[PDB]
């Protein structure tokens, strides 16, 4: 009973199963057509699905990568050409910190209340070459509102700072479906966005990271991209195109209802336990934090494993101060509902 990894493992819907049954036809098409044409259609379907109508649609502006973490490796190594220190939201997906640190960047944490609630200070912005925001955030689900994105992009433009966004969880939360590219382009800051198809649908990790950047980004992202790959399989792009079209034709609303159902299953099973609470009441993401008293998430993780249930302690997401995550675990919701419910009834007994 795995409730750890964020990638989707629930059953395909009937519409998605139809796409899988057409793989031999998508192969035929991918053999026959120029990859750039399938790529453009995949990008258009995915960006427009999620409200990002102002994305730059000229060939070459959106660089398709094998994954979002490959995009992040490209960006991190590019940043290291001209940047020493990066401001990074805390907590967040820890691979981002690992890839930045591994490419030689010093990291400055920005807590979520500072990031959403107020302008970044001049002292902070004057000490970093890049501000990095995951939105919706993993693990918290917190969405950077349009008014704050606009102010943050304006601040980065004044300070000469790169604004970088990781939007892997975008598909799960309609509040993240306002047009981010329209905001970024009107502010005129140096900007980069890493989109990701990989967390949305159960595609057996067939996915792309989509690296998008301003024309004045002033980092060697295109050169380093080209040292790592020429592009992704046209079959994967064709799959992204078809899953996005199924999503636009009702699949995405069904996904949101599914995640909401599983989130409610978790909260229903655990809410009666004294001292158990849900740190992110309004999250719509596919992962769910649970807080408890009297024990650590590491101890809960150890006990769950004895019962063959695999969840995640939260320490690792607090990449700057791990003890901040000591009294929480994270539960993956992109799972079939029956195994998920059995897992949380085990967690209920533990807590």
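Residue numbers count along the first chain shown, from 1.
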(request) Could you check the entry and say whether 4-12 or 340-348 has the higher mean CA B-factor? (result) 340-348
(request) Select between 302-310 and 289-297 the stretch whose C-alpha atoms have the higher average B-factor in the entry. (result) 302-310
(request) Select one of 182, 230, 212, 83: the residue whose C-alpha shows the highest B-factor in the crystal structure entry. (result) 230
(message) In terms of recorded Cα temperature factor, pick the maximum from 40, 316, 69, 52.
(response) 40
(message) Split into thirds by Cα B-factor across the chain's modelled residues, where does residue 255 land: lowest, middle or highest?
(response) middle
(request) Sorting the chain's modelled residues by C-alpha B-factor, tell me whether residue 220 ends up in the lowest, middle or highest third. (result) lowest
(request) Sorting the chain's modelled residues by C-alpha B-factor, tell me whether residue 266 ends up in the lowest, middle or highest third. (result) highest
(request) Just say lowest, middle or highest third for the CA B-factor of residue 109 relative to the other modelled residues in its chain. (result) lowest
(request) Place residue 283 in the lowest, middle or highest third of its chain's C-alpha B-factors, as listed in the PDB entry. (result) middle
